[PDB]
Amino acid sequence: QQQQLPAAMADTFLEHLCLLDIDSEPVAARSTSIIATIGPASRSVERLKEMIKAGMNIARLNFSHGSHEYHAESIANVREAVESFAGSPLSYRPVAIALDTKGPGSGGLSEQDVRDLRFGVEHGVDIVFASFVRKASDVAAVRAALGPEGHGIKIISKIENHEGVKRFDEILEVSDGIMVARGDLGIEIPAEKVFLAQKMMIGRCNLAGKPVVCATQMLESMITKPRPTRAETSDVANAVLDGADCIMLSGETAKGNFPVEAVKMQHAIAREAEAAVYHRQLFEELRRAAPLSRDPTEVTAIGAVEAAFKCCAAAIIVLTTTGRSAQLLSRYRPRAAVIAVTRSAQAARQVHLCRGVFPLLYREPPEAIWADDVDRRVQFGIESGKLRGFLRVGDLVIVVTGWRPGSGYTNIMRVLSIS
Amino acid sequence: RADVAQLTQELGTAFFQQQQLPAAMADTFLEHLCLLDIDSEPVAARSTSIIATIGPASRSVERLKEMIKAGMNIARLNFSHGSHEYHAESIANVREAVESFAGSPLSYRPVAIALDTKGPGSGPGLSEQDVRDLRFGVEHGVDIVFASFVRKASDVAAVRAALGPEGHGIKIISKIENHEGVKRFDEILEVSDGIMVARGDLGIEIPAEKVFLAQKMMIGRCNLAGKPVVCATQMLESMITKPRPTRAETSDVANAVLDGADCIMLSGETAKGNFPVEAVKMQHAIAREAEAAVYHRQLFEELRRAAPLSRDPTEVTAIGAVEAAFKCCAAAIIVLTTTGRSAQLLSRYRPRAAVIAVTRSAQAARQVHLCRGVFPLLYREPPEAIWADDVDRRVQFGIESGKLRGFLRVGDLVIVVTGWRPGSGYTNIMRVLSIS
Amino acid sequence: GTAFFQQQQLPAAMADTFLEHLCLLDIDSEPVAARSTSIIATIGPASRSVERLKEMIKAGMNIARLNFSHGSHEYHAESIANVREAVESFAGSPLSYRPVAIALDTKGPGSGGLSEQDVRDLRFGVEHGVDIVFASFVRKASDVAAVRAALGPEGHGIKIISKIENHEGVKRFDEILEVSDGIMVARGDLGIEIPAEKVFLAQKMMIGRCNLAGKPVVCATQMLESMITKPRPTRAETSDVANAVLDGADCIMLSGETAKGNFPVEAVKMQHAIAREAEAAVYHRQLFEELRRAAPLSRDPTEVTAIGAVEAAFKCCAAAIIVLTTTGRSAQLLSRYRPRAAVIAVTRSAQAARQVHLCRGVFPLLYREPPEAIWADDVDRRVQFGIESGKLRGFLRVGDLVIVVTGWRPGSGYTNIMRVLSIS
Amino acid sequence: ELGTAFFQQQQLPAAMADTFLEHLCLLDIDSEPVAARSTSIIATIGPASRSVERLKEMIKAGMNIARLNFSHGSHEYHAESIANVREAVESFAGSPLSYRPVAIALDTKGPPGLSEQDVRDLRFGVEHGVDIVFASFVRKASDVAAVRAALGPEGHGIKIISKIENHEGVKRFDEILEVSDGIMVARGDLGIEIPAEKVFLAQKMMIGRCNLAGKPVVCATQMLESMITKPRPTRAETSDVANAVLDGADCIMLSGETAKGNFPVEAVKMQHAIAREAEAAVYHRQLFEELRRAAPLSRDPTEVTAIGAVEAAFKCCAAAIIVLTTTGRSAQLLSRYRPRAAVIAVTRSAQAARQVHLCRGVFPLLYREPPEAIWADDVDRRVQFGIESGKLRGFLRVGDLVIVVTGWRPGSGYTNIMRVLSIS
Ligand SMILES: O=C(O)CCCCNS(=O)(=O)c1cc2c(c(O)c1O)C(=O)c1ccccc1C2=O
Ligand SMILES: O=C(O)CCCCNS(=O)(=O)c1cc2c(c(O)c1O)C(=O)c1ccccc1C2=O
Ligand SMILES: O=P(O)(O)OC[C@H]1O[C@](O)(COP(=O)(O)O)[C@@H](O)[C@@H]1O
Ligand SMILES: O=P(O)(O)OC[C@H]1O[C@](O)(COP(=O)(O)O)[C@@H](O)[C@@H]1O
Ligand SMILES: O=P(O)(O)OC[C@H]1O[C@](O)(COP(=O)(O)O)[C@@H](O)[C@@H]1O
Ligand SMILES: O=P(O)(O)OC[C@H]1O[C@](O)(COP(=O)(O)O)[C@@H](O)[C@@H]1O
Ligand SMILES: O=C([O-])C(=O)[O-]
Ligand SMILES: O=C([O-])C(=O)[O-]
Ligand SMILES: O=C([O-])C(=O)[O-]
Ligand SMILES: O=C([O-])C(=O)[O-]
Ligand SMILES: [K+]
Ligand SMILES: [K+]
Ligand SMILES: [K+]
Ligand SMILES: [K+]
Ligand SMILES: [Mg+2]
Ligand SMILES: [Mg+2]
Ligand SMILES: [Mg+2]
Ligand SMILES: [Mg+2]
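Chains as they are written, first to last, in the working numbering: chain A, 4 to 422; chain B, 108 to 543; chain C, 956 to 1379; chain D, 180 to 603.
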């Protein structure tokens, strides 16, 4: 069998490793999102179209470099490249825009960060990667600088030093997610300890059900070379096996000679590594650790993921306003793709932070009866799923919906046979 | 602690001290045993059905009303004794006692009628007396047949043929009573609706010290197959003459439930003994304590690991509903069912939540007592013009009956299992509902 | 051979889940190992004859219980003399001699604190060299201290097994177990003191906690009750015996079945037959894993050697673990890990040989030879005595692997060596 | 006792976790490694690392195995490198605290069958007393047989580590491992022969299968590649080293990093620092459980003793397992169960002392005292030599517990004894 299914059926983690097969081809869509830093080498609309086709899901703009005018032009070019595919709604791929802050430097929230965060709100950025977060009050300051109009921007705290690692729990509690910012972390703490901080933070984020990004020097040699080193491919695969929701490219896409090839390489490795995940142990441990809950979205999500594993469901189609119902499905790490049908263009972009969530932006005419409108949003997930290769006639899918309109009312799971 | 901290704050520490919940949260079976607490009171409705043999001591309509209130779910008529006239009178008395509670549809308790055959004796196949008794069963509308001395698949085919075209809906529970039945167990279970571990004959046919191995193996295989299994004979034997059982008898009843038995049975204890109602009350009291002591964490994990992948939407919905019920400590899983099958597939995963099965079939309401944790509710209203409205009314009937009987309280979460179109075989929906 | 792997429920032993283990239990898979759960038989008019006691020893009785709720001191002194005469009638064949413990079961406090009758009975016990006290109605740690004080300076070596018979004993279980040598789940009184339908919860909890503590636990009362008057037990009775062994009980007991009934020998034979079947049905894969996980780290060399020896025995399907012991402690530490291999304990202490019957899977052998001049030769002779005893009794055959547990110097407390030996 | 500080070091809070997810969540950058680094470092000797003075610094930095790549250089060039390694190694014979055996490994050029150059280079290896051959491009069992035949009458004791470098070697892995002493995951060629994104699958599979077989596995190529020109590695490189150790690799390797790079000593220091951190982060609770479950039952006393000793070491947090070995086999069987305790292997064979560096966690001590007339005294002298070396090196202190593994008679193949000692 394909997608490492012989290794998936193993009774121990050791036997699972023994059964990994280089000839077992991945079939599932690539789950781990790729964040590519946009810079001189990846700014043109033509280059950005190739990066989107190669697998870029989130465009990062590093406000440690360039200027407001430079980054606004990169943002406009990203949006032009993304919207060039909107003419085919069944295959359109949303792409998030993330602003990475310069940071506090010596000393709270710097004056440059206040201005850059305001720029982010004015330019409709989806995510903020907040540099050098070392305590909960740093997150509150970033949130306050985003103001009343930036209530919906996701804050991903970058852990870059010893204090951030030690105060991790309080930082994660108030953040939307975390970035393991290994460049500074590898200079702030001994280089030989970074893997411990990475594995601990990824594990704690997986436990919390919040997105975690692995970043910096993942494919470093590809800045000048067309192929990566053996350590670099291993690093990408191990970040996925660790449980990372996203993987990142910095100089590799911002200034390197092979930006598209770096994205293609992360896509190819992530897909292989996702199939090599030992779901039998991972699901059991995530399910045991996820606390008991009376929230119906929480209850429906675990029921849906259990049902998907029982029938080898090709996908879990979920309707979501904010992305939350898709995020609660993603936290259980289903092998089934989570196809999230949303009308919110911002939620479609932001949900790339959660592993295995494939956002579909709904642009079909509304139905007069709310129940019919729900059914056509589900048929839209099915038709997009068929076109993209997620679904085929005869497949089983799990459909997750709610009892009334508006966010917070997901409570239904259905088993549906395709076509 | 972190996996139950928020729910402990919401439901309270008292909730998590009842129904052996501290033992339920243990990380190992050894720790689970260490945490069993005699002060942790059972809260859930008793899920293992009680089969009471009806005879001289339990025949009157007045006595039968007391036995139904004490917990009898299935009335057994042993065709090894009495006659057709005697058993028909017992059946009429059971039906009169059962129907005396029909005036209140929101509290009515269905009771199944089971015919236990005399058996083949020294003959190789279906005896002439069994052919006549099986025909009596069909004519008197019995729900279940406990077929004596089943030794191979062809024995069950002969019982099925003797029930004729009008008895296709009767459940056949094969009684394993000898070495051959144990050795050919897999082929017998494949063609039967369920099994009875008939320990009286089994304990004479094989060494007495080996019966527990056969009992535990057959219960385990039935649990794996998702088919009902009954533990029978001498469970509370001393209660035929004494008001209280022995220490070995209470232990035996508790261990049959912990083994995984769907039903427990009383023979002479209810048929001829001096304390028929007290014997039913004792099995009810022990079964509730034992059900709470089941280590669901390992049982659910092992039932998932051993059960193969399934493309049947009823099976897929059932596992998702049981998983959802455990996540929120659901008070109940309400399921709509025509034949009982959707309730049976929920029961095979052994949820702690009561499975409230709403059905229009009076026979399916009686037969689902064979499946552990299924509480049948007979819906008597005529169909609504719009099918979706009819479905909704049946779910609301389950909620209202649940509140009236004490299964459900305001603020509870319930899991509701329904299908996408009318008719049997289309269950595919699981909903999480808050009781208001 | 392939036949080896079909016996003693070995197909069920290899299962990956407890559910599949149950599914693989086979009534045709015959038990091979020696019966490891000890049988306690209460002595009375049905079992007091010296000749009848010889039959009970041959049937499998390991511990004779004297119930001091019935009979005078004169009655119990005669019981002790009769038991000792029957036991010593087999001493002429040292390779097959079976030690038998004598346990004094107290009348209890009644309406009162240690009663004055219990003080007198406990002093009688010390004067007559009883090995174990089954202390009735233990409700708290101070009840155990009072029993220990009544045994005096000469009774320090007597084991105290606290009987849990009421709600207070169950609630104060942890403090009682801490100061006791072991526990008895005294189901007769327990089933009247608490609701009858709750006794199984108290039994399973106390057995589980004693298994975790590595201390002996006895399941008692009405196990084969109908055999007081009938030749065969009920289906519930055989199930109760099998389930007490599967629960983890070190010992099972007979009261009226051996003291006053018409089938004392048959009741012992029935418990022996059931216990042997149930021991093979134990899912050692999960049990060993959980006993290891729950047991804390230890710096005591006897315990460290014991876990290593039990792990080694499982690795090679060892026929036995032969251990030399002065007090029984090295054998008890092996027993707490529940090896499938029989623990053959060789000792010179007649009292330790009798007391180790409290620990499941310990087969005591009383060595009577005076010490060799060279200590290493004395140890070897005792190990060879264990091997010769085991071959004669059917525990061992040529070609079997055994684990041998000894210490680095004479005297108690110095066990620290485990060795893999081929039987020649 | 041990103290609270003891339980905060070497990732012991993460070690006690009940799940792998909880284990990851408990990894702590402030929990310092205490145990000696157990993953051997292989350094390729070339232009940048040839001088006797540079080799002394590489030995102090942690190099355990010197690799001579016969794809380059010549017989004269590599003989001079080997003589320089031996001079640097023997310069530490004046201090037991710094003297460490260093293996010499010959890596072949590679291949219709065995190339003429490989026949001559393998002959050079035998003539120069090499310990190990890393055989390039092994694709099937007959490739190993050809290398084994070329090692001739004098070199049958040389270990053959088959390098898996292409699709065929991965597909025929089981047959290759069966006849090889171990494996090298040769990622350079493997990453060109198969898609680059699949190398991690082949690495993890081969390491897992070698761990199951109890045979050494090496992770190789581009582990710290950027350190050829830079003083510090990339974040991907440190992660790659840590993950090779967490995967289960017995050895990690440096090629161009030490052969031609500007920072050979720093590359060795970096691998030592990472390996030590990664070894403490291994989740032994699951690893030991799975190695035990997957390993078949065994009647070999060395195998039975090894699992018992590793279980005993975990029970007491033993500072070390001291094993007497002539071939290295008894130490290899301890290593296969991945104890946290260091395996201190005392041997009179200088070749076995160098070769046991292939097995994770084995610390070789070459013993050179003349044999005692009384064999038990010769065994005791070697056990005490292991203890006194352990004390001098920082492995052991007075009051520590150690597990000691020996056999019942002299000669290889008789290991059957495990003892718990207490350091005095
Ligand atoms: O901080 C350190 O020491 C670590 C290295 C950080 C850099 N990583 S990056 O992918 O964000 C990046 C971002 C940028 C550039 C990079 O070359 C680069 O590698 C530019 O040349 C550029 C030039 C004009 C305007 C904007 C940019 C720009 O945004
Ligand atoms: O693509 C390939 O097949 C080649 C990849 C490089 C191989 N790596 S190595 O660490 O074994 C190594 C080995 C050597 C050298 C290396 O520079 C080098 O990186 C030399 O300059 C040298 C020069 C004179 C005599 C001997 C050597 C020598 O032994
Ligand atoms: O994931 P979220 O943000 O809670 O959104 C889920 C919501 O989407 C729905 O499925 C559809 O709601 P809308 O019709 O308002 O889009 C609701 O029933 C449910 O509450
Ligand atoms: O358990 P069964 O026998 O499959 O019955 C379940 C059936 O009951 C329903 O929920 C309701 O069906 P009806 O309206 O025919 O009673 C169906 O949608 C479903 O297929
Ligand atoms: O189990 P215990 O009471 O600690 O006895 C074990 C003792 O028995 C021995 O094996 C033999 O000791 P003796 O020669 O004194 O009988 C000692 O080495 C060891 O300390
Ligand atoms: O690991 P190996 O090569 O089998 O060597 C183990 C041998 O070492 C010993 O412990 C000591 O033997 P020697 O005295 O011959 O060195 C033997 O008892 C044992 O058989
Ligand atoms: O800021 C970052 O991305 C880093 O330091 O790795
Ligand atoms: O038939 C029965 O019920 C039996 O034998 O137990
Ligand atoms: O004392 C006892 O043995 C009892 O009450 O069971
Ligand atoms: O030969 C090697 O070492 C390689 O290819 O990695
Ligand atoms: K930045
Ligand atoms: K009958
Ligand atoms: K008494
Ligand atoms: K080479
Ligand atoms: Mg940074
Ligand atoms: Mg019968
Ligand atoms: Mg009593
Ligand atoms: Mg190569």
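Quick reminder that beta carbons are idealized off the backbone N, C-alpha and C, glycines included.
Measure the alpha-carbon distance for A/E152 versus A/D129 and round it to whole angstroms. On the first sequence, residue 152 of chain A is found 149 positions in, with the first residue counted as 1. On the first sequence, residue 129 of chain A is found 126 positions in, with the first residue counted as 1. CA-CA distance, A/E152 to A/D129, rounds to 12 Å.
What does C/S1253 reach in chain D if we use C-beta pairs closer than 7 Å? Within the third sequence, the letter at position 298 stands for residue 1253 of chain C. Under the 7 Å cutoff, chain D gives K494, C495.
Taking the C-alpha atoms as reference points, what is the distance between D/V502 and D/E456? Along the fourth sequence, one-based indexing puts residue 502 of chain D at 323. Along the fourth sequence, one-based indexing puts residue 456 of chain D at 277. In this model, D/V502 and D/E456 are separated by some 25 Å (Cα to Cα).
Please give me, in chain order, every unbroken run of the alpha helix (DSSP H) with length at least 4 that falls completely inside the segment 252–317 of chain D. Those alpha helix (DSSP H) runs which fall completely within the segment 252–317 of chain D and span 4+ residues are 254–269, 295–306.
Taking the straight line between their C-alpha atoms, what separation do you get for A/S70 and A/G123? Along the first sequence, read from residue 1 onward, the residue named residue 70 of chain A stands at position 67. Along the first sequence, read from residue 1 onward, the residue named residue 123 of chain A stands at position 120. Rounded to whole angstroms, A/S70 to A/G123 spans 12 Å at the Cα level.
Could you tell me which chain E residues have their CB closer than 8 Å to the CB of B/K317, listed as they occur along the chain? Structure shown: chain E not included; protein chains present are A, B, C and D.
Taking DSSP as the reference, what is the three-state secondary structure of D/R588? Sequence index remark: in the fourth sequence, residue 588 of chain D carries index 409 (1-based). Correct three-state label for D/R588: coil.
Output the distance between the C-alpha atoms of A/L20 and D/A193, rounded to the nearest integer angstrom. By one-based count along the first sequence, residue 20 of chain A stands at place 17. By one-based count along the fourth sequence, residue 193 of chain D stands at place 14. Linking A/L20 to D/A193 through their CA atoms gives a straight-line distance of about 22 Å.
Assuming contact is defined by CB atoms lying nearer than 8 Å, are D/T526 and D/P543 in contact in what I supplied? As a first step, residue 526 of chain D is located in the fourth sequence; it is residue number 347 there, counting from the start. As a first step, residue 543 of chain D is located in the fourth sequence; it is residue number 364 there, counting from the start. Yes, the pair counts as a contact, with Cβ atoms nearer than the cut-off.
Proximal chain C residues relative to B/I181, where beta-carbon distance stays under 7 Å: Here residue 181 of chain B corresponds to residue number 74 of the second sequence, with the count starting at 1. Listed along chain C is no residue with a C-beta nearer than 7 Å to that of B/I181; the closest approach is about 20 Å.
Please state whether the Cβ-Cβ distance between D/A399 and D/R351 is less than 8 Å. Mapped onto the fourth sequence, residue 399 of chain D falls at position 220. Mapped onto the fourth sequence, residue 351 of chain D falls at position 172. No, the Cβ-Cβ distance between D/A399 and D/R351 is not below 8 Å.
Let's see if you can read the secondary structure: which residues bound the alpha helix (DSSP H) around A/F361? One-based indexing of the first sequence puts residue 361 of chain A at position 358. Counted as a single uninterrupted DSSP element, the stretch harbouring A/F361 is not any alpha helix (DSSP H) but the beta strand (DSSP E) occupying residues 360–364.
At the level of alpha carbons, what is the spacing between C/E1043 and C/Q1226? Counting from one through the third sequence, the residue named residue 1043 of chain C turns up at place 88. Counting from one through the third sequence, the residue named residue 1226 of chain C turns up at place 271. For C/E1043 and C/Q1226, the distance between alpha carbons rounds to 24 Å.
Mind listing which residues of the segment 1157–1183 of chain C have their C-beta closer than 8 Å to chain B's C-betas, in chain order? Correct list: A1157, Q1158, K1159, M1160, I1162, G1163, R1164, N1166, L1167, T1176, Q1177, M1178, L1179, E1180, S1181.
Boundaries of the alpha helix (DSSP H) in which A/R290 is found, first to last residue: In the first sequence, the residue the question calls residue 290 of chain A occupies position 287. Note, A/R290: alpha helix (DSSP H), 282–292.
Grab the span of the beta strand (DSSP E) containing C/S1117 for me, first residue to last. Walking along the third sequence from the start, residue 1117 of chain C turns up at place 162. Residues 1114–1119.
Using a C-beta to C-beta distance shorter than 9 Å, which residues of chain A count as neighbours of B/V111? Locating residue 111 of chain B in the second sequence gives position 4, counting from the first residue. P294, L295, listed in chain order.
Would you be able to state if there are at least three C-beta pairs under 8 Å between the segment 513–530 of chain B and the segment 421–440 of chain B? By the C-beta criterion, the segment 421–440 of chain B is judged to be in contact with the segment 513–530 of chain B, since at least 3 inter-stretch pairs fall below 8 Å.
Nearer than 7 Å: is that true of the beta carbon of C/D1144 relative to any heavy atom of ligand 17? Stepping through the third sequence from its first residue, residue 1144 of chain C is reached at position 189. Within the cutoff, so yes.
DSSP beta-bridge partners of B/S541: Residue 541 of chain B sits at position 434 when you count from the first residue of the second sequence. Per DSSP, B/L520.
Taking the alpha-carbon positions, what's the D/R588 to D/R533 distance? Stepping through the fourth sequence from its first residue, residue 588 of chain D is reached at position 409. Stepping through the fourth sequence from its first residue, residue 533 of chain D is reached at position 354. Rounded to the nearest angstrom, the gap between the Cα atoms of D/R588 and D/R533 is 24 Å.
Does the CB of A/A339 have a neighbour CB from chain B at under 8 Å? Counting from 1 along the first sequence, the entry for residue 339 of chain A is found at position 336. The beta carbon of A/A339 does not come within 8 Å of any beta carbon belonging to chain B, so the residue lies off that interface.
To the nearest angstrom, how far is it from the Cα of A/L188 to the Cα of A/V177? In the first sequence, counting from the first residue as 1, residue 188 of chain A sits at position 185. In the first sequence, counting from the first residue as 1, residue 177 of chain A sits at position 174. A direct Cα-Cα distance of roughly 21 Å separates A/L188 from A/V177.
Does ligand 15 have even one heavy atom less than 7 Å from the beta-carbon of A/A184? Counting from one through the first sequence, the residue named residue 184 of chain A turns up at place 181. Relative to the non-hydrogen atoms of ligand 15, the Cβ of A/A184 comes within a distance shorter than 7 Å of at least one.
For A/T236, tell me which candidate among A/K258, A/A273, A/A257, A/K213 has the shortest Cα-Cα distance. Working through the first sequence from its first residue, we reach residue 236 of chain A at position 233. Residue A/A273 is the option with its Cα nearest to A/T236.
Provide the residue span of the beta strand (DSSP E) that contains D/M384, from first to last. As a first step, residue 384 of chain D is located in the fourth sequence; it is residue number 205 there, counting from the start. Here D/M384 belongs to no beta strand (DSSP E); instead the alpha helix (DSSP H) covers 378–392.
Rounding to the nearest angstrom, what Cα-Cα distance links D/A184 and D/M195 in this structure? In the fourth sequence, residue 184 of chain D corresponds to position 5, counting from 1. In the fourth sequence, residue 195 of chain D corresponds to position 16, counting from 1. Spanning the two alpha carbons is a distance of roughly 15 Å.
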